[PDB]
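A look at the structure
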Amino acid sequence: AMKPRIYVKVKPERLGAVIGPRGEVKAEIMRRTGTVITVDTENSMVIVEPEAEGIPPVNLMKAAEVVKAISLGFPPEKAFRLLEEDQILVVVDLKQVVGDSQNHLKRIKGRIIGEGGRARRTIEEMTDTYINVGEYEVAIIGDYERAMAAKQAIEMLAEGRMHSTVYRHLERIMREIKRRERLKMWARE
């Protein structure tokens, strides 16, 4: 029977994380969204379907986003954040910057992560987002504006900008976002 179906290609090395021990992870995703998730181990492909026709698109789409987030490197616990209202997944493909250069990729990942993971944590704290630096993809989870702010900061670091430069810029962007939110709130109540 025809129904909405979202196919999600999963990195082979992450299929176990998506399924979870005894299938506990996919089971939990299914439980919270009202979806049915089928796994094709040989093709490392996951199919997300609604359990009933009345399951809304957002439930199906977010279930698929959680799977994509785990595939990208996020542990299930962090990926589940995508089930929350207004949370989205944004990805920065570092090869768009350094192409196929392994050495350049390693160097920029060093800048993005920072000594002791200080750079990655600073961006996460400033934007209130979860950031995962995978093989060559940096995945970000947060609301639209904050995720886009983090994306920009990550791109700036991948391009060689000083850390202080990036933080100062992010500071301006985030103070603007929060100020606007506070004013909208004040104005409403």
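Residues numbered from 1 in each chain as written, not as in the entry; some residues may be left out. Heavy atoms only, no water.

Method of determination for the deposited model, per the PDB record: X-ray crystallography, at 1.50 Å resolution.

This entry appears in the Protein Data Bank under the title "1.5 A Crystal Structure of a Protein of Unknown Function APE0754 from Aeropyrum pernix".

Turning to the pattern of salt bridges, a few remarks are in order. Tallied over the entire structure, the rule returns nine salt bridges. Across the pair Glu 176 and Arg 180 runs a salt bridge, and its minimum N-O distance is 2.6 Å. Taken together, the residues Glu 176 and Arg 180, both in helix α9 (residues 163-188) and four residues apart, mark about one turn of the helix. Three or more residues are tied together by salt bridges with common partners; here these are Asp 143, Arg 146 and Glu 181. (Salt bridge = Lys/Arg side-chain N within 4 Å of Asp/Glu carboxyl O. Helix = DSSP H or I, 4+ residues; strand = E, 2+ residues; numbered from the N terminus.)

A sheet is described by the order of its strands in space; here three strands give the open sequence β1-β3-β2, paired in antiparallel fashion. Looking at the sheet topology across the chains shown, the edges are occupied by β1 (6-9) and β2 (35-40). Put simply, the sheet's adjacent strands are angled 20° from each other on average, direction ignored. Relative to strand β3 (residues 45-50), β1 runs antiparallel, the two being bridged by four bridges. Its bridge partner being in β3, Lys 9 is matched across the sheet by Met 45. Of the strands in this sheet, β1, β2 and β3 are in contact with helix α3 (residues 57-72), which crosses β1 at around 5°. (Pairing = 2+ DSSP bridges. Axes fitted to C-alpha atoms, helices over the stretch in contact; angles between N-to-C directions. Contact = heavy atoms within 4.5 Å.)

Right, let's get into a nonpolar patch on the surface. Where nonpolar side chains cluster on the molecular surface, the patch consists of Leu 183, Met 185 and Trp 186 and spans about 330 Å² of accessible area. The topology assignment puts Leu 183 in helix α9. Take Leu 183: its relative accessible area is 34%, and that puts it in the partly exposed class. (Patch = residues over 30% accessible without salt bridge, like charges linked within 9 Å, V, L, I, M, F, W, Y side chains within 5 Å. Areas by Shrake-Rupley, 256 points an atom, 1.4 Å probe, with all protein chains shown as cover. Buried < 20%, exposed > 50% of the residue type's maximum accessible area, 1.4 Å probe, protein only.)

Note on soluble globular proteins: their nonpolar side chains tend to be buried together. In terms of nonpolar packing, the biggest core is built from 28 residues, with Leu 94, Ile 112, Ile 123, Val 138, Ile 140 and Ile 154 touching the most fellow members. Mapped onto this core, the elements with two or more residues apiece are β4 (87-93), α6 (102-113), α7 (118-127), β5 (130-133), β6 (137-143), α8 (144-158) and α9. Broken down by element, this core gets its largest block of residues, eight residues, from α8. Beyond its immediate chain neighbours, meaning those up to four positions away, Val 138 contacts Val 90, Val 91, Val 92, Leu 94, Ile 112, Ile 131, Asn 132, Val 133 and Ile 154. (Core = buried A, V, L, I, M, F, W, Y, C linked by side-chain atoms within 4.5 Å.)

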